[PDB]
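> To be precise about what I am sending: the file is called start.pdb and holds PDB, C-alpha atoms and all ligand atoms.
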```pdb
ATOM      1  CA  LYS A 625     -70.456  17.640-126.655
ATOM      2  CA  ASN A 626     -67.390  16.042-128.243
ATOM      3  CA  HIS A 627     -65.802  17.480-131.389
ATOM      4  CA  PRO A 628     -63.692  14.698-132.808
ATOM      5  CA  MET A 629     -63.538  16.075-136.363
ATOM      6  CA  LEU A 630     -62.932  19.667-135.439
ATOM      7  CA  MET A 631     -60.258  18.498-132.994
ATOM      8  CA  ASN A 632     -58.585  16.410-135.662
ATOM      9  CA  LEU A 633     -58.586  19.322-138.141
ATOM     10  CA  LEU A 634     -56.884  21.547-135.460
ATOM     11  CA  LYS A 635     -54.094  18.915-134.595
TER      12      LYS A 635
ATOM     13  CA  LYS B 123     -45.629  52.999-139.346
ATOM     14  CA  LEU B 124     -45.697  49.222-139.793
ATOM     15  CA  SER B 125     -43.291  47.374-137.550
ATOM     16  CA  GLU B 126     -41.545  44.117-138.336
ATOM     17  CA  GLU B 127     -43.920  42.250-136.004
ATOM     18  CA  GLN B 128     -46.993  43.786-137.740
ATOM     19  CA  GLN B 129     -45.470  42.991-141.176
ATOM     20  CA  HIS B 130     -44.811  39.486-139.963
ATOM     21  CA  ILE B 131     -48.467  39.016-138.851
ATOM     22  CA  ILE B 132     -49.651  40.113-142.242
ATOM     23  CA  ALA B 133     -47.163  37.822-144.077
ATOM     24  CA  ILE B 134     -48.356  34.893-142.026
ATOM     25  CA  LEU B 135     -52.106  35.646-142.665
ATOM     26  CA  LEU B 136     -51.535  36.058-146.453
ATOM     27  CA  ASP B 137     -49.710  32.766-146.650
ATOM     28  CA  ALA B 138     -52.502  31.146-144.599
ATOM     29  CA  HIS B 139     -55.277  32.485-146.766
ATOM     30  CA  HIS B 140     -53.460  31.553-149.984
ATOM     31  CA  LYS B 141     -53.089  27.958-148.976
ATOM     32  CA  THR B 142     -56.725  27.648-147.819
ATOM     33  CA  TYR B 143     -58.518  29.622-150.617
ATOM     34  CA  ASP B 144     -58.148  28.294-154.270
ATOM     35  CA  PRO B 145     -59.403  31.105-156.431
ATOM     36  CA  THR B 146     -59.887  28.536-159.239
ATOM     37  CA  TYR B 147     -62.495  26.647-157.228
ATOM     38  CA  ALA B 148     -61.214  23.356-158.639
ATOM     39  CA  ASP B 149     -62.365  21.251-155.682
ATOM     40  CA  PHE B 150     -66.088  22.142-156.280
ATOM     41  CA  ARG B 151     -66.239  19.383-158.885
ATOM     42  CA  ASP B 152     -66.055  16.931-156.055
ATOM     43  CA  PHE B 153     -69.161  18.264-154.274
ATOM     44  CA  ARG B 154     -72.652  16.691-154.797
ATOM     45  CA  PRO B 155     -73.754  18.430-157.952
ATOM     46  CA  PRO B 156     -75.936  21.509-157.978
ATOM     47  CA  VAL B 157     -79.592  20.898-159.096
ATOM     48  CA  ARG B 158     -81.527  24.025-160.108
ATOM     49  CA  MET B 159     -84.927  22.940-161.490
ATOM     50  CA  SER B 218     -86.617  18.616-154.324
ATOM     51  CA  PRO B 219     -87.783  21.183-153.373
ATOM     52  CA  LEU B 220     -84.411  21.808-151.572
ATOM     53  CA  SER B 221     -82.574  20.757-154.644
ATOM     54  CA  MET B 222     -79.473  22.924-153.842
ATOM     55  CA  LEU B 223     -79.096  21.770-150.229
ATOM     56  CA  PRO B 224     -76.655  18.828-151.094
ATOM     57  CA  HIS B 225     -74.348  20.994-153.119
ATOM     58  CA  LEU B 226     -74.362  23.997-150.745
ATOM     59  CA  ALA B 227     -74.037  21.766-147.648
ATOM     60  CA  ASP B 228     -70.843  20.345-149.286
ATOM     61  CA  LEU B 229     -69.712  23.853-150.113
ATOM     62  CA  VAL B 230     -70.222  24.888-146.483
ATOM     63  CA  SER B 231     -68.529  21.795-145.094
ATOM     64  CA  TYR B 232     -65.581  22.270-147.431
ATOM     65  CA  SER B 233     -65.513  25.931-146.322
ATOM     66  CA  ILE B 234     -65.482  24.996-142.602
ATOM     67  CA  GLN B 235     -62.379  22.829-143.312
ATOM     68  CA  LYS B 236     -60.702  25.765-144.957
ATOM     69  CA  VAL B 237     -61.539  28.267-142.247
ATOM     70  CA  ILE B 238     -60.099  25.832-139.672
ATOM     71  CA  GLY B 239     -56.862  25.580-141.757
ATOM     72  CA  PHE B 240     -56.717  29.421-141.825
ATOM     73  CA  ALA B 241     -57.477  29.739-138.100
ATOM     74  CA  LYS B 242     -54.730  27.353-137.001
ATOM     75  CA  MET B 243     -52.180  29.700-138.680
ATOM     76  CA  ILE B 244     -53.316  32.876-136.870
ATOM     77  CA  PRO B 245     -50.399  33.807-134.659
ATOM     78  CA  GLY B 246     -51.175  32.651-131.116
ATOM     79  CA  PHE B 247     -54.425  30.762-131.906
ATOM     80  CA  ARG B 248     -52.830  27.341-131.671
ATOM     81  CA  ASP B 249     -51.445  28.467-128.195
ATOM     82  CA  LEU B 250     -54.941  28.733-126.777
ATOM     83  CA  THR B 251     -56.468  25.724-125.102
ATOM     84  CA  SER B 252     -58.301  23.291-127.377
ATOM     85  CA  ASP B 253     -61.525  24.014-125.734
ATOM     86  CA  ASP B 254     -61.205  27.753-126.374
ATOM     87  CA  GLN B 255     -60.065  27.053-130.025
ATOM     88  CA  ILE B 256     -63.195  24.958-130.511
ATOM     89  CA  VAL B 257     -65.524  27.597-128.977
ATOM     90  CA  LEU B 258     -64.019  30.337-131.239
ATOM     91  CA  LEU B 259     -64.325  28.244-134.400
ATOM     92  CA  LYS B 260     -67.842  26.997-133.726
ATOM     93  CA  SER B 261     -69.130  30.532-133.138
ATOM     94  CA  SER B 262     -67.216  32.206-135.946
ATOM     95  CA  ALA B 263     -67.298  29.581-138.722
ATOM     96  CA  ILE B 264     -70.397  30.948-140.513
ATOM     97  CA  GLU B 265     -69.219  34.542-140.251
ATOM     98  CA  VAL B 266     -65.778  33.745-141.729
ATOM     99  CA  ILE B 267     -67.533  31.756-144.530
ATOM    100  CA  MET B 268     -69.537  34.898-145.201
ATOM    101  CA  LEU B 269     -66.405  37.100-145.205
ATOM    102  CA  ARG B 270     -64.306  34.820-147.331
ATOM    103  CA  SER B 271     -67.147  34.421-149.812
ATOM    104  CA  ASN B 272     -66.760  38.109-150.632
ATOM    105  CA  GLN B 273     -63.840  37.137-152.881
ATOM    106  CA  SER B 274     -66.247  35.345-155.326
ATOM    107  CA  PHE B 275     -69.194  37.722-154.806
ATOM    108  CA  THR B 276     -69.835  40.092-157.743
ATOM    109  CA  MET B 277     -72.155  43.156-157.752
ATOM    110  CA  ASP B 278     -72.620  42.740-161.584
ATOM    111  CA  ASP B 279     -75.420  40.337-160.772
ATOM    112  CA  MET B 280     -75.484  39.903-156.936
ATOM    113  CA  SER B 281     -74.151  36.388-157.160
ATOM    114  CA  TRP B 282     -71.198  34.308-155.975
ATOM    115  CA  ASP B 283     -69.263  33.451-159.132
ATOM    116  CA  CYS B 284     -67.006  30.392-158.657
ATOM    117  CA  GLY B 285     -65.736  30.132-162.208
ATOM    118  CA  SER B 286     -68.539  28.617-164.220
ATOM    119  CA  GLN B 287     -72.342  28.739-164.638
ATOM    120  CA  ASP B 288     -72.678  25.492-162.609
ATOM    121  CA  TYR B 289     -70.830  27.149-159.642
ATOM    122  CA  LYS B 290     -72.452  30.567-159.750
ATOM    123  CA  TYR B 291     -74.841  31.014-156.861
ATOM    124  CA  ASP B 292     -77.686  33.525-156.705
ATOM    125  CA  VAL B 293     -80.609  34.287-154.345
ATOM    126  CA  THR B 294     -82.671  31.600-155.922
ATOM    127  CA  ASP B 295     -80.007  28.926-155.479
ATOM    128  CA  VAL B 296     -79.699  29.810-151.803
ATOM    129  CA  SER B 297     -83.483  29.678-151.377
ATOM    130  CA  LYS B 298     -83.386  26.112-152.751
ATOM    131  CA  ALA B 299     -81.083  25.249-149.828
ATOM    132  CA  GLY B 300     -83.841  25.983-147.309
ATOM    133  CA  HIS B 301     -83.490  29.707-146.572
ATOM    134  CA  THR B 302     -86.109  32.322-146.616
ATOM    135  CA  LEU B 303     -85.614  35.270-149.068
ATOM    136  CA  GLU B 304     -85.876  37.473-145.992
ATOM    137  CA  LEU B 305     -82.668  36.201-144.476
ATOM    138  CA  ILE B 306     -80.893  35.758-147.743
ATOM    139  CA  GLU B 307     -81.483  39.481-148.529
ATOM    140  CA  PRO B 308     -79.529  40.881-145.592
ATOM    141  CA  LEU B 309     -76.594  38.601-146.563
ATOM    142  CA  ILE B 310     -76.556  40.013-150.153
ATOM    143  CA  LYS B 311     -76.706  43.566-148.706
ATOM    144  CA  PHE B 312     -73.768  42.678-146.467
ATOM    145  CA  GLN B 313     -71.771  41.353-149.376
ATOM    146  CA  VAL B 314     -72.400  44.608-151.305
ATOM    147  CA  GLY B 315     -71.371  46.812-148.458
ATOM    148  CA  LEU B 316     -68.220  44.760-147.934
ATOM    149  CA  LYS B 317     -67.414  44.636-151.652
ATOM    150  CA  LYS B 318     -67.736  48.461-151.719
ATOM    151  CA  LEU B 319     -64.953  48.747-149.180
ATOM    152  CA  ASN B 320     -62.514  47.544-151.839
ATOM    153  CA  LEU B 321     -60.295  45.956-149.219
ATOM    154  CA  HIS B 322     -56.681  45.148-149.874
ATOM    155  CA  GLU B 323     -55.999  41.412-149.414
ATOM    156  CA  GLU B 324     -54.028  42.350-146.284
ATOM    157  CA  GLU B 325     -57.147  44.016-144.806
ATOM    158  CA  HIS B 326     -59.406  41.068-145.821
ATOM    159  CA  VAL B 327     -57.302  38.514-144.072
ATOM    160  CA  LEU B 328     -56.778  40.586-140.957
ATOM    161  CA  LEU B 329     -60.555  41.042-140.714
ATOM    162  CA  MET B 330     -61.183  37.247-141.012
ATOM    163  CA  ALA B 331     -58.605  36.754-138.261
ATOM    164  CA  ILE B 332     -60.122  39.462-135.941
ATOM    165  CA  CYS B 333     -63.437  37.789-136.425
ATOM    166  CA  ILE B 334     -62.135  34.342-135.228
ATOM    167  CA  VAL B 335     -60.318  35.653-132.105
ATOM    168  CA  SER B 336     -63.187  37.504-130.577
ATOM    169  CA  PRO B 337     -63.024  37.334-126.737
ATOM    170  CA  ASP B 338     -66.790  37.820-126.280
ATOM    171  CA  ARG B 339     -67.979  34.577-127.815
ATOM    172  CA  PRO B 340     -70.052  32.658-125.219
ATOM    173  CA  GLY B 341     -68.092  29.912-123.403
ATOM    174  CA  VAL B 342     -64.628  31.328-123.887
ATOM    175  CA  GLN B 343     -62.597  30.614-120.724
ATOM    176  CA  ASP B 344     -59.344  32.632-121.353
ATOM    177  CA  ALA B 345     -60.985  35.797-122.663
ATOM    178  CA  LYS B 346     -57.913  37.846-121.838
ATOM    179  CA  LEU B 347     -55.578  35.644-123.880
ATOM    180  CA  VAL B 348     -58.019  35.841-126.793
ATOM    181  CA  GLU B 349     -58.241  39.621-126.402
ATOM    182  CA  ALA B 350     -54.425  39.936-126.409
ATOM    183  CA  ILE B 351     -54.350  38.262-129.818
ATOM    184  CA  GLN B 352     -57.146  40.179-131.224
ATOM    185  CA  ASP B 353     -55.665  43.519-130.054
ATOM    186  CA  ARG B 354     -52.359  42.696-131.852
ATOM    187  CA  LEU B 355     -54.367  42.005-135.085
ATOM    188  CA  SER B 356     -56.472  45.093-134.598
ATOM    189  CA  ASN B 357     -53.501  47.448-134.000
ATOM    190  CA  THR B 358     -51.876  45.745-137.071
ATOM    191  CA  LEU B 359     -55.011  46.554-139.072
ATOM    192  CA  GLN B 360     -55.265  50.177-137.977
ATOM    193  CA  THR B 361     -51.632  50.867-138.643
ATOM    194  CA  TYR B 362     -51.869  49.173-142.047
ATOM    195  CA  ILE B 363     -54.802  51.314-143.206
ATOM    196  CA  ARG B 364     -52.912  54.458-142.093
ATOM    197  CA  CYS B 365     -49.530  53.432-143.653
ATOM    198  CA  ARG B 366     -50.600  51.594-146.831
ATOM    199  CA  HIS B 367     -54.136  52.470-147.725
ATOM    200  CA  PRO B 368     -54.306  55.752-149.603
ATOM    201  CA  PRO B 369     -57.134  58.201-149.269
ATOM    202  CA  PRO B 370     -59.893  58.468-149.783
ATOM    203  CA  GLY B 371     -60.463  54.683-149.742
ATOM    204  CA  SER B 372     -59.001  54.732-146.212
ATOM    205  CA  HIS B 373     -61.769  57.098-144.993
ATOM    206  CA  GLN B 374     -63.005  55.658-141.650
ATOM    207  CA  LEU B 375     -62.075  52.352-143.102
ATOM    208  CA  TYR B 376     -61.225  50.719-139.766
ATOM    209  CA  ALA B 377     -64.585  51.834-138.338
ATOM    210  CA  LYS B 378     -66.400  50.481-141.321
ATOM    211  CA  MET B 379     -64.594  47.092-141.168
ATOM    212  CA  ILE B 380     -65.475  46.745-137.474
ATOM    213  CA  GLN B 381     -69.091  47.586-138.205
ATOM    214  CA  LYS B 382     -69.059  44.525-140.633
ATOM    215  CA  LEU B 383     -68.129  42.346-137.682
ATOM    216  CA  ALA B 384     -71.192  43.646-135.811
ATOM    217  CA  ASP B 385     -73.348  42.992-138.882
ATOM    218  CA  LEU B 386     -71.956  39.470-138.981
ATOM    219  CA  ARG B 387     -73.116  38.869-135.347
ATOM    220  CA  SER B 388     -76.618  39.640-136.573
ATOM    221  CA  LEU B 389     -76.420  37.373-139.633
ATOM    222  CA  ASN B 390     -75.062  34.643-137.241
ATOM    223  CA  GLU B 391     -77.891  34.966-134.767
ATOM    224  CA  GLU B 392     -80.498  34.842-137.540
ATOM    225  CA  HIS B 393     -78.803  31.841-139.245
ATOM    226  CA  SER B 394     -78.559  30.033-135.843
ATOM    227  CA  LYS B 395     -82.274  30.077-135.495
ATOM    228  CA  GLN B 396     -82.880  29.001-139.135
ATOM    229  CA  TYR B 397     -80.346  26.196-138.870
ATOM    230  CA  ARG B 398     -82.008  24.936-135.671
ATOM    231  CA  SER B 399     -85.308  24.756-137.718
ATOM    232  CA  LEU B 400     -83.908  23.234-140.919
ATOM    233  CA  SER B 401     -81.845  20.568-139.133
ATOM    234  CA  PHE B 402     -84.502  19.733-136.502
ATOM    235  CA  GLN B 403     -86.013  17.945-139.541
ATOM    236  CA  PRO B 404     -84.275  14.556-139.961
ATOM    237  CA  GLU B 405     -85.009  14.640-143.764
ATOM    238  CA  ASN B 406     -82.857  17.833-143.998
ATOM    239  CA  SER B 407     -80.206  16.852-141.533
ATOM    240  CA  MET B 408     -79.652  13.734-143.518
ATOM    241  CA  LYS B 409     -78.564  15.897-146.474
ATOM    242  CA  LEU B 410     -75.851  17.664-144.423
ATOM    243  CA  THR B 411     -72.317  16.463-143.675
ATOM    244  CA  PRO B 412     -70.813  15.044-140.540
ATOM    245  CA  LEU B 413     -68.657  18.163-140.068
ATOM    246  CA  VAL B 414     -71.537  20.564-140.536
ATOM    247  CA  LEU B 415     -73.562  18.605-137.949
ATOM    248  CA  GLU B 416     -70.639  18.645-135.520
ATOM    249  CA  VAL B 417     -69.916  22.362-136.013
ATOM    250  CA  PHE B 418     -73.384  23.909-136.255
ATOM    251  CA  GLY B 419     -75.090  21.254-134.147
ATOM    252  CA  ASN B 420     -77.460  18.230-134.536
TER     253      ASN B 420
HETATM  254  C1  LIG C 701     -64.897  29.204-151.224
HETATM  255  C2  LIG C 701     -65.885  30.013-151.085
HETATM  256  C3  LIG C 701     -66.465  30.419-149.796
HETATM  257  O1  LIG C 701     -65.886  29.652-148.715
HETATM  258  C4  LIG C 701     -67.955  30.267-149.817
HETATM  259  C5  LIG C 701     -68.609  30.654-151.124
HETATM  260  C6  LIG C 701     -69.844  31.153-151.179
HETATM  261  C7  LIG C 701     -70.666  31.439-149.988
HETATM  262  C8  LIG C 701     -72.009  31.464-150.063
HETATM  263  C9  LIG C 701     -72.792  31.233-151.332
HETATM  264  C10 LIG C 701     -73.956  30.198-151.097
HETATM  265  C11 LIG C 701     -74.719  30.394-149.796
HETATM  266  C12 LIG C 701     -73.774  30.514-148.624
HETATM  267  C13 LIG C 701     -73.020  29.215-148.505
HETATM  268  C14 LIG C 701     -74.433  30.913-147.280
HETATM  269  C15 LIG C 701     -75.043  29.737-146.472
HETATM  270  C16 LIG C 701     -75.968  28.844-147.323
HETATM  271  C17 LIG C 701     -75.775  30.219-145.235
HETATM  272  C18 LIG C 701     -76.422  29.036-144.464
HETATM  273  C19 LIG C 701     -75.399  27.971-144.094
HETATM  274  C20 LIG C 701     -74.568  28.462-142.963
HETATM  275  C21 LIG C 701     -73.939  27.319-142.170
HETATM  276  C22 LIG C 701     -76.888  31.218-145.557
HETATM  277  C23 LIG C 701     -77.609  31.663-144.277
HETATM  278  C24 LIG C 701     -78.496  32.930-144.399
HETATM  279  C25 LIG C 701     -77.633  34.148-144.616
HETATM  280  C26 LIG C 701     -79.528  32.746-145.518
HETATM  281  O2  LIG C 701     -79.173  33.126-143.147
HETATM  282  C27 LIG C 701     -73.358  31.657-146.540
HETATM  283  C28 LIG C 701     -72.210  31.969-147.523
HETATM  284  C29 LIG C 701     -72.840  31.686-148.853
HETATM  285  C30 LIG C 701     -67.900  30.364-152.418
HETATM  286  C31 LIG C 701     -66.419  30.676-152.327
HETATM  287  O3  LIG C 701     -66.165  32.096-152.216
END
```
In structure tokens, how does this file's structure come out?
Ligand SMILES: C=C1[C@H](O)CC(=C/C=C2\CCC[C@]3(C)[C@@H]([C@H](C)[C@H](CCCC)CCC(C)(C)O)CC[C@@H]23)C[C@H]1O

Amino acid sequence: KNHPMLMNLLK
Amino acid sequence: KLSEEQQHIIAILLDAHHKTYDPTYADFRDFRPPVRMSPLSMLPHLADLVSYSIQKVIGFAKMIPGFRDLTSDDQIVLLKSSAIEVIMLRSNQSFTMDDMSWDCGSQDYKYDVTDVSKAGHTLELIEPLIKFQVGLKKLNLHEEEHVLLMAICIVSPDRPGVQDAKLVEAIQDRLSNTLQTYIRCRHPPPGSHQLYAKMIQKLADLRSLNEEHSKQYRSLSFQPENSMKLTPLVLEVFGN
């Protein structure tokens, strides 16, 4: 449900 | 003819692709090494390759004009659904019809049907992907066309779970009109023959390869022994 790594690569 | 805004989109996409695609393949040395004799002896190496490739596609995506101006949730939906398809597209740059392999600069990093089958995939699904690569290679795309197509693929407003489909469609339409105008202004005949139509058909073919992969991934990774050989990012992006 959460996407910590994908989020971090987008930031 | 090509406006300044359409030339600007292209310039941006070229720059983005150049900084996220090393045509020397130097980073592959850092992957788990290929083993071609477990039985899935290639799975560690090709999982790394995929995971590395997801990173790169994300770096390319974030540069697409307007993508970063979508909500995070919609950015994540678009990348999760398109990641395999853009890996497939971008791989066309190493793919060679000489042998039907992906040639990344050395015998160790040359990948054929057999290699992919030792990563857990049936010859029956691998075959359509090789046929896709051939058809795409035959288009002889200009780099400008290649990158625009990768971008149109990512900003597709029909992916399930997209909330601002209109915003996504506004982007995509700007890319698409950029692409059409480019083929007409810069691509000489007869290579330009129905080229837009053919490029868009590749996107449809990619939906099919995606759907088929989705099911195979769900089978492979359902097995804890296999999932253990993947990467954190692959698990997060394609699912656990
Ligand atoms: C940097 C590069 C590209 O990002 C990726 C690349 C090659 C791409 C390949 C060759 C090996 C097999 C790959 C990784 C395929 C991969 C194993 C998929 C399954 C993993 C998807 C998450 C095959 C799925 C099939 C088509 C068998 O259903 C897709 C693209 C294929 C090398 C280079 O051009």
> Could you tell me which residues the ChimeraX specification (/B :<7) & /A grabs in this file, written as a PDB file with C-alpha atoms, keeping the file's coordinate frame?

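Heads up, here's the output in result_27.pdb:
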```pdb
ATOM      1  CA  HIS A 627     -65.802  17.480-131.389  1.00  0.00           C
ATOM      2  CA  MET A 629     -63.538  16.075-136.363  1.00  0.00           C
ATOM      3  CA  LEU A 633     -58.586  19.322-138.141  1.00  0.00           C
ATOM      4  CA  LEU A 634     -56.884  21.547-135.460  1.00  0.00           C
TER       5      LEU A 634
END
```
> Counting all atoms listed in the file, what is within 12 Å of residue 134 of chain B, bar same-chain residues fewer than 4 positions away, as number ranges by chain?
B: 127-130, 138-141, 240-246, 324, 327-328, 331, 355
> Write out, as a PDB file, in the frame of the given file, the residues just selected, with C-alpha atoms.

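The resulting result36.pdb:
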```
ATOM      1  CA  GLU B 127     -43.920  42.250-136.004  1.00  0.00           C
ATOM      2  CA  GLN B 128     -46.993  43.786-137.740  1.00  0.00           C
ATOM      3  CA  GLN B 129     -45.470  42.991-141.176  1.00  0.00           C
ATOM      4  CA  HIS B 130     -44.811  39.486-139.963  1.00  0.00           C
ATOM      5  CA  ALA B 138     -52.502  31.146-144.599  1.00  0.00           C
ATOM      6  CA  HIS B 139     -55.277  32.485-146.766  1.00  0.00           C
ATOM      7  CA  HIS B 140     -53.460  31.553-149.984  1.00  0.00           C
ATOM      8  CA  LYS B 141     -53.089  27.958-148.976  1.00  0.00           C
ATOM      9  CA  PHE B 240     -56.717  29.421-141.825  1.00  0.00           C
ATOM     10  CA  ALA B 241     -57.477  29.739-138.100  1.00  0.00           C
ATOM     11  CA  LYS B 242     -54.730  27.353-137.001  1.00  0.00           C
ATOM     12  CA  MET B 243     -52.180  29.700-138.680  1.00  0.00           C
ATOM     13  CA  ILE B 244     -53.316  32.876-136.870  1.00  0.00           C
ATOM     14  CA  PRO B 245     -50.399  33.807-134.659  1.00  0.00           C
ATOM     15  CA  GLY B 246     -51.175  32.651-131.116  1.00  0.00           C
ATOM     16  CA  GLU B 324     -54.028  42.350-146.284  1.00  0.00           C
ATOM     17  CA  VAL B 327     -57.302  38.514-144.072  1.00  0.00           C
ATOM     18  CA  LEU B 328     -56.778  40.586-140.957  1.00  0.00           C
ATOM     19  CA  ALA B 331     -58.605  36.754-138.261  1.00  0.00           C
ATOM     20  CA  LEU B 355     -54.367  42.005-135.085  1.00  0.00           C
TER      21      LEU B 355
END
```
> List all protein, DNA and RNA residues that have any atom at most 8 Å from ligand LIG 701 (chain C), counting only C-alpha atoms and all ligand atoms, and write the list as number ranges by chain.
B: 143-145, 147, 226-227, 229-230, 232-234, 236-237, 263-264, 267-268, 270-275, 281-284, 291-292, 295-297, 299, 301-309, 389-390, 392-394, 396-397, 414, 418
> Build an axis-aligned box that encloses every atom of chain A listed in the file, pad it by 3 Å on each side, and report its centre and edge lengths in Å to one decimal, as JSON.

```
{"center_x": -62.3, "center_y": 18.1, "center_z": -132.4, "size_x": 22.4, "size_y": 12.8, "size_z": 17.5}
```
> Please measure the separation of atom CA of residue 250 of chain B and atom CA of residue 357 of chain B, giving the value in Å to one decimal.
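The value is 20.1 Å.
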> Skipping near chain neighbours, those fewer than 3 positions away, what residues fall within 9 Å of segment 379-382 of chain B using all atoms listed in the file, listed as a VMD selection string?
chain B and resid 312 315 to 316 319 325 329 374 to 376 385 to 387
> Provide the atom CA of residue 287 of chain B to atom CA of residue 405 of chain B distance in Å, to one decimal place.
28.2 Å
> Do you know which residues are at most 12 Å from residue 347 of chain B counting all atoms listed in the file, after dropping those on the same chain fewer than 6 positions away, and could you put them as a ChimeraX atom specification?
/B:246-251,254-255,335-338,353-354
> Please work out which residues fall within 9 Å of (-78.7, 21.5, -140.8), coordinates as given in the file, with only C-alpha atoms counting, and return them as a PyMOL selection string.
chain B and resi 227+396-404+406-411+414-415+418-420
> Kindly write segment 145-156 of chain B with N, CA and C atoms to a file, as a PDB file, in the first residue's frame.

```pdb
ATOM      1  N   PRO B 145      24.777   4.214 -22.533  1.00  0.00           N
ATOM      2  CA  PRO B 145      24.950   3.238 -23.603  1.00  0.00           C
ATOM      3  C   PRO B 145      26.248   2.465 -23.541  1.00  0.00           C
ATOM      4  N   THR B 146      27.064   2.699 -22.541  1.00  0.00           N
ATOM      5  CA  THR B 146      28.221   1.816 -22.190  1.00  0.00           C
ATOM      6  C   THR B 146      27.897   0.694 -21.193  1.00  0.00           C
ATOM      7  N   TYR B 147      26.776   0.804 -20.483  1.00  0.00           N
ATOM      8  CA  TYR B 147      26.353  -0.254 -19.615  1.00  0.00           C
ATOM      9  C   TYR B 147      27.324  -0.488 -18.457  1.00  0.00           C
ATOM     10  N   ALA B 148      28.022   0.586 -18.008  1.00  0.00           N
ATOM     11  CA  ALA B 148      29.134   0.353 -17.093  1.00  0.00           C
ATOM     12  C   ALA B 148      28.618  -0.111 -15.730  1.00  0.00           C
ATOM     13  N   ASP B 149      27.431   0.286 -15.310  1.00  0.00           N
ATOM     14  CA  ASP B 149      26.911  -0.073 -14.030  1.00  0.00           C
ATOM     15  C   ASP B 149      26.565  -1.586 -13.897  1.00  0.00           C
ATOM     16  N   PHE B 150      26.500  -2.291 -14.993  1.00  0.00           N
ATOM     17  CA  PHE B 150      26.071  -3.745 -14.941  1.00  0.00           C
ATOM     18  C   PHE B 150      27.068  -4.582 -14.150  1.00  0.00           C
ATOM     19  N   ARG B 151      28.305  -4.131 -14.078  1.00  0.00           N
ATOM     20  CA  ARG B 151      29.323  -4.805 -13.290  1.00  0.00           C
ATOM     21  C   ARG B 151      28.975  -4.861 -11.829  1.00  0.00           C
ATOM     22  N   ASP B 152      28.124  -3.973 -11.371  1.00  0.00           N
ATOM     23  CA  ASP B 152      27.716  -4.011  -9.998  1.00  0.00           C
ATOM     24  C   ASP B 152      26.477  -4.950  -9.654  1.00  0.00           C
ATOM     25  N   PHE B 153      25.831  -5.479 -10.682  1.00  0.00           N
ATOM     26  CA  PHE B 153      24.775  -6.399 -10.494  1.00  0.00           C
ATOM     27  C   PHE B 153      25.316  -7.763  -9.994  1.00  0.00           C
ATOM     28  N   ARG B 154      24.477  -8.510  -9.292  1.00  0.00           N
ATOM     29  CA  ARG B 154      24.803  -9.998  -9.086  1.00  0.00           C
ATOM     30  C   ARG B 154      25.162 -10.561 -10.441  1.00  0.00           C
ATOM     31  N   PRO B 155      26.192 -11.443 -10.512  1.00  0.00           N
ATOM     32  CA  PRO B 155      26.690 -11.811 -11.796  1.00  0.00           C
ATOM     33  C   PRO B 155      25.749 -12.773 -12.498  1.00  0.00           C
ATOM     34  N   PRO B 156      25.761 -12.740 -13.831  1.00  0.00           N
ATOM     35  CA  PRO B 156      25.008 -13.695 -14.600  1.00  0.00           C
ATOM     36  C   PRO B 156      25.637 -15.119 -14.404  1.00  0.00           C
TER      37      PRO B 156
END
```
